[PDB]
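Here the structure is laid out as structure tokens; the discussion comes afterwards.
Following this line, the structure appears as structure tokens:
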């Protein structure tokens, strides 16, 4: 369930990161 374009998984999107994909307990893949 790894993210894309080097993004990460969080209920929020890292500094200036766009919400994408899906992840556990609500957390999604925010692709930077």
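Residue numbers (the deposited numbering): 1 to 32.
For each residue, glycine too, the CB sits at the ideal point set by N, CA and C.
Which residue from the options puts its Cα closest to that of residue i?
i         : options       : result
residue 2 : 22, 17 and 32 : 22
In angstroms with no decimal places, state the Cα-to-Cα distance between residue i and residue j.
i          : j          : result
residue 7  : residue 16 : 11 Å
residue 32 : residue 26 : 18 Å
residue 10 : residue 4  : 13 Å
residue 12 : residue 28 : 8 Å
residue 30 : residue 18 : 5 Å
If I follow the unbroken beta strand (DSSP E) through residue i, where does it start and stop?
i         : result
residue 8 : 8 to 10
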